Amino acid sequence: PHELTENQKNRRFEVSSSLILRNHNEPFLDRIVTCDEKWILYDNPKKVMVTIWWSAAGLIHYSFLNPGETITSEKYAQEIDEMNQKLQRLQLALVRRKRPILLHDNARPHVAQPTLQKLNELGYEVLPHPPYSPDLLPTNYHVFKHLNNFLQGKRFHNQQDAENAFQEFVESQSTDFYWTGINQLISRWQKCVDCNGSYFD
């Protein structure tokens, strides 16, 4: 946060380095499914949280919670289940399929037992992720970065208008938008290693 501690930098360096090496030896970028949550303000209740799930192939699933509501582990487990059904439908026509790997952050609902049991049940390996590293999370450094630009200066009276604006943002992206975001992971891991685990931007 305000300043990475020595240990926090070490953990970032460690994980980034291993992910680069792992990917070099056995490429896994195209198996990654990633996700995150964001508050969408009506003016930018009066807040609705969106969660979004995606891979290099494209958008997989997103859903809004009830206004003002925050996500729980039981509900994340539910979303995981919904996402996974949607994912299975997308892979329907692939000539060659391999199990997905989840990349998400250590948010507390993300790291609790109902969620973990669900990931284990569905067969999702979870990628190592060091704390305080939004700069290594593609939903944060890529999707939400661009969403913020898109939202900046808009107003909404209703949740409908907010959700509608979110859908327009989705519908507005190039087909390769997610693909590009995931491709960025390697240079970001490398930059982290290059800065000895500090932030780099």
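Start at 1 and count along the sequence shown; that's the residue number.
A chain break between residue 160 and residue 161 is not present, all residues of the deposited sequence in that interval being modelled. For the pair 132 to 140 and 146 to 154, the mean B factor over Cα atoms is greater in 146 to 154.
31 to 39 and 45 to 53 differ in mean CA B-factor, and the higher of the two is recorded for 45 to 53. Note on 119, 83, 127, 92: the highest value goes to 92, judged by CA B factor as recorded. In this PDB entry, residue 87 carries a Cα temperature factor that places it within the middle third of its chain's modelled residues. Per the deposited record, the Cα B-factor of residue 123 falls in the lowest third when ranked against the other modelled residues of its chain.
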